[PDB]
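Residue numbers (the deposited numbering), protein chains in the order written: chain 2, 686 to 871; chain 4, 106 to 377; chain 5, 29 to 352. Here's the structure we're looking at; comments come further down.
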Amino acid sequence: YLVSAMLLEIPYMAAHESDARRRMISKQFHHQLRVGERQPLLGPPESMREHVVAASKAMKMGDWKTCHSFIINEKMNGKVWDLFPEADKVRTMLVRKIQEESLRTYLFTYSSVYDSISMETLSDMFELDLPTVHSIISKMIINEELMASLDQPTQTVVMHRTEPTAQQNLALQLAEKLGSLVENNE
Amino acid sequence: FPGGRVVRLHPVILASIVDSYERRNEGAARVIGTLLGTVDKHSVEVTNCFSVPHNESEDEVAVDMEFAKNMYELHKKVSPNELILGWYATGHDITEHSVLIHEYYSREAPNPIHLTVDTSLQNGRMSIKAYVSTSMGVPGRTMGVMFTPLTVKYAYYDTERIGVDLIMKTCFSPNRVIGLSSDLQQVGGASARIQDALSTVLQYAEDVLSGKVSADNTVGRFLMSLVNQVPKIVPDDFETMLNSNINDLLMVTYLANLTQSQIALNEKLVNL
Amino acid sequence: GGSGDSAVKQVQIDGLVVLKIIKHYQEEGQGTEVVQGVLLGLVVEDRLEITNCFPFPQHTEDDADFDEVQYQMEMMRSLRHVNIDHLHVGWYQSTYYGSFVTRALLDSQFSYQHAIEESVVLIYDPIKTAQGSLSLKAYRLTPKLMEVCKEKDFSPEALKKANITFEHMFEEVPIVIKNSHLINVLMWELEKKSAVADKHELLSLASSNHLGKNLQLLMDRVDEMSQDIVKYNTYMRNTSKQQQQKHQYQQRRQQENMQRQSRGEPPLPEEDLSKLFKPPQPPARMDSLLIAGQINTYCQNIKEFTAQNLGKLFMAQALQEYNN
């Protein structure tokens, strides 16, 4: 959920040739291919209904359903560290939900705020000034920076330009195939 | 309120009129059928029809109502759109034989809805006058009927009547479809020049004295309605936008032609 | 003009024939295998001009199941009563697909044209063609198909007929050229609706204003046609690698299986040599997948010719009209 529903919600908008073929989709095709769901009861849906909001980031909504009724059902009690594994989890919920609007909701976002982003989700400014810096180099995102002002101008334009590149998801898988045709021929 | 106001058919009623009339089984003068459609209880919205066996003359007429039920059986199966609302004949209106086919359809006996197609050398008279028959008390003779007019409306699938618009282009001179959109540019040109020749006489009539009466704030209202949608006011950043779209659209069809070549290089290396 | 090979003719679609199609245009069946019916006319002056044709109404809500043929012959006896015979000169369809020829009905209409050489199959699609040339096309399963038969069989009798090499798309016949004189009455309605009753003619003129307002005429079409490319053309290339995984790749070490034992023993068998060369399930090109293969990679060609006339004449009208 933190190495798949985050690492791979970047290339899932029409760039499929990095899909790791052993993940939650073991079970994510199951507890989604059901005609009825509500407030989850099992482990996996109670490990999903905060994941589904970890797509609509909601730092509030996702942190509030790994600590709902698990401290009886072995999350907090059992992991023999009384409260701290949540202080770990909460942090990897707080932080891994600032790395989301960055990767998902950036379309009309040109001028954005990175002081108020610290006020929204309550992580340390340096522990947000690090990953907001990481967001550019580590994930090669189309967004510019002058971080004496603590800002990230985007100038992304890819939206109906990645559609003709979503034609190159397959226009490559035409002319990437002619590379493989005459390997067999001779 | 009276139900006899309007029939909103469309030219597919005239389709199963004319093909049926011009094959006819040599039913020389009078081809007739039973019309099937819907009603708005004021309007009569109709989709289709069919020509039946008849031998209408003085004083013999036949409408095989067993066969009209057979055709309705096949028609309701074809599409569930329609009920047999009455009968449509070719020429002409109120006859003593119409009222014989009335009592044949008062075996059927919904609201009598008739559609009389004049077969004459005219223009001013309509090629169809749709009729309903009220009063309609009638426990007497054959059927006391009173032919009240249904206005002839073509109100269905607009792209169908675009199909009919092409049929009316073929009515003038066909007009085969290979370069449809290619020579719809010639159609769009002819339209834009009729607008020009319209606007010119409107101006030059008042340039002398007393012209552009029915144009000033109607054609002038719909001259600023031209520039509402084309052109965009005067943005040269919109020139840049659509010459950048030209870059996009050329490059869509550009690799379309790279796939065109690749069609042959893929499936015809098969032929070695 | 539109004469075919040894028997078959052009089709003349009169203006009330397209109306017999556009009465069931797309109503009851959006993404369904709509068989818009059987076109019946007669062998007339070089072009079998259509009389009538009614849509053969399969179990029409979700799926497509061919009806009782009681309807077929009883309806076309219903026609026999005051009209022409069931002179079924083919079958016709819509079918929410501009620029295709289907696999199952390809086989069905080949077998139709096998019974009667003098037959064509009309495909009228509405402005879903993308406007978008050639809405009506009367395709026929070709006379090369007709010669080498039956029929285009897959594992054998595929390359064994692609040796002479059947033509696949040939004589997509012309449709509507002449004043058929089923017109003078339509001209008599045309003049009436061009005259004082000019509400409905202008309704259709105005109707095309909103087919470009909100519709993705290009975007949704080039999307579905591009996903037809990624699926069809690329699995076609996997078929190209897999028929190579068999004819030469596997065959190469079938040869090294034959040769490494000095091609058998003098005094005895020659068990291993005869046992080996176990021919892979493709021994000759798998050229019936690849038939519709070519025809559906050319469906992409006439779909990219669609995409051509979409972008070219739209941006033609932009750069010619706007400059004000």
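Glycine included, each C-beta is placed from N, C-alpha and C at the ideal position.
Practice prompt. Leaving aside the five residues before and after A92 (chain 5) along the sequence, list all residues of the same chain whose C-beta is less than 8 Å from its C-beta, in chain order.
Written response: Excluding residues up to 5 positions away in sequence, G57, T60, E61, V62, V63 and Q86 lie with their Cβ nearer than 8 Å to the Cβ of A92 (chain 5) in the same chain.
Worksheet item: From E165 (chain 4) to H207 (chain 4), what does the alpha carbon distance come to, in whole angstroms?
Response: 14 Å
Practice prompt. Would you check if the distance between the CB atom of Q840 (chain 2) and the CB atom of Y799 (chain 2) is smaller than 9 Å?
Written response: Between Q840 (chain 2) and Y799 (chain 2), the C-beta gap is not smaller than 9 Å, which leaves the two residues out of contact.
Discussion item. Let me see if you follow: with CB-CB separation under 9 Å, is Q255 (chain 5) close to chain 2 or not?
Written reply: yes
Worksheet item: Under the DSSP definition of a beta bridge, which residues are partnered with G138 (chain 4)?
Response: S156 (chain 4) and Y193 (chain 4)
Item to complete: Compute the Euclidean distance between the alpha carbons of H109 (chain 5) and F155 (chain 4), then round it to the nearest angstrom.
Response: 12 Å
Fill in: Helix, strand or coil at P171 (chain 5) according to DSSP, with G and I counted as helix
helix
Discussion item. Helix, strand or coil, according to DSSP, for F769 (chain 2) in the structure here?
Written reply: helix
Practice prompt. Decide if the region 143 to 161 of chain 5 is in contact with the region 104 to 122 of chain 5; the criterion is three or more beta carbon pairs, one per stretch, under 8 Å apart.
Written response: These segments touch.
Worksheet entry | Contact set for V117 (chain 4): own chain, Cβ-Cβ below 7 Å, skip 5 residues either direction | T152 and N153
Practice prompt. Check whether the Cβ of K331 (chain 5) lies closer than 9 Å to any Cβ atom in chain 2.
Written response: no
Worksheet entry | Three-state class that DSSP yields for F82 (chain 5) in the structure shown | Coil, per DSSP.
Discussion item. In whole angstroms, give me the CA-to-CA distance for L68 (chain 5) and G29 (chain 5).
Written reply: 21 Å
Item to complete: Would you mind telling me which residues of chain 2 sit closer than 8 Å to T262 (chain 5), beta carbon to beta carbon, in chain order?
Response: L855, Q858, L859 and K862
Worksheet entry | Cβ pair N216 (chain 4), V243 (chain 4) closer than 9 Å | When the beta-carbon positions are compared, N216 (chain 4) and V243 (chain 4) stay at least 9 Å from each other.
Discussion item. Classify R75 (chain 5): buried if its beta carbon has 16 or more other beta carbons within 10 angstroms, exposed otherwise.
Written reply: buried
Worksheet item: What whole-angstrom Cβ distance do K774 (chain 2) and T806 (chain 2) have, given they're in contact under 8 Å?
Response: Not confirmed; about 15 Å, so no contact.
Worksheet item: Quick one: which chain 2 residues come within Cβ less than 7 Å of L355 (chain 4)?
Response: Going along chain 2, no residue has its Cβ under 7 Å from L355 (chain 4), so there is no contact; the nearest lies around 11 Å.
Item to complete: Using the Cα positions of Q300 (chain 4) and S225 (chain 4), report the straight-line distance between them to the nearest angstrom.
Response: 35 Å
Worksheet item: Which residues bound the beta strand (DSSP E) around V257 (chain 4)?
Response: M251 to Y259
Fill in: Supposed close pair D263 (chain 4), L231 (chain 5) - CB separation, criterion 8 Å
6 Å
Fill in: Residue range of the unbroken beta strand (DSSP E) whose run includes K234 (chain 4)
Annotation: the continuous beta strand (DSSP E) that includes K234 (chain 4) extends over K234 to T239.
Worksheet item: Taking any Cβ of chain 5, which residues in the region 164 to 175 of chain 4 have a Cβ under 9 Å from it, in chain order?
Response: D169, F172 and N175
Worksheet item: Just checking, does the region 844 to 856 of chain 2 make contact with the region 249 to 263 of chain 5 on the three C-beta pairs under 8 Å criterion?
Response: yes
Item to complete: Could you pull the start and end residues of the beta strand (DSSP E) that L727 (chain 2) belongs to?
Response: Unbroken run through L727 (chain 2): none, as it is neither H nor E.
Worksheet item: What runs of the alpha helix (DSSP H), each 4 residues or longer, lie entirely inside the region 766 to 807 of chain 2?
Response: DSSP runs (the alpha helix (DSSP H)) wholly in the region 766 to 807 of chain 2: 769 to 779 and 801 to 806.
Worksheet item: Could you give the residue range of the beta strand (DSSP E) that holds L304 (chain 5)?
Response: Run containing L304 (chain 5): none; DSSP gives neither H nor E here.
Fill in: Three-state secondary structure assigned by DSSP to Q38 (chain 5)
The answer is strand: DSSP assigns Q38 (chain 5) an E or B state.
Discussion item. Please tell me whether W192 (chain 4) and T139 (chain 4) are closer than 9 Å, where the distance is taken between their beta carbons.
Written reply: yes
Fill in: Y309 (chain 4) - DSSP class collapsed to helix/strand/coil
For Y309 (chain 4), the three-state secondary structure derived from DSSP is helix.
Fill in: Of the residues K750 (chain 2), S820 (chain 2) and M844 (chain 2), the one placed nearest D836 (chain 2), counting alpha carbons only
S820 (chain 2)
Fill in: Cβ-based burial, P295 (chain 5) [other Cβ within 10 Å; buried from 16]
exposed
Item to complete: Tell me, please, whether the region 330 to 348 of chain 5 touches the region 343 to 350 of chain 4 by the rule of three or more beta-carbon pairs shorter than 8 Å.
Response: yes
Item to complete: Ignore the nearest five residues each way along the sequence and tell me which others in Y326 (chain 5)'s own chain have a CB closer than 7 Å to its CB.
Response: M197
Discussion item. Please report the straight-line C-alpha distance between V688 (chain 2) and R707 (chain 2), rounded to a whole angstrom.
Written reply: 11 Å
Worksheet item: Comparing alpha-carbon positions, which option in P696 (chain 2), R719 (chain 2), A690 (chain 2) and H701 (chain 2) lies nearest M709 (chain 2)?
Response: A690 (chain 2)
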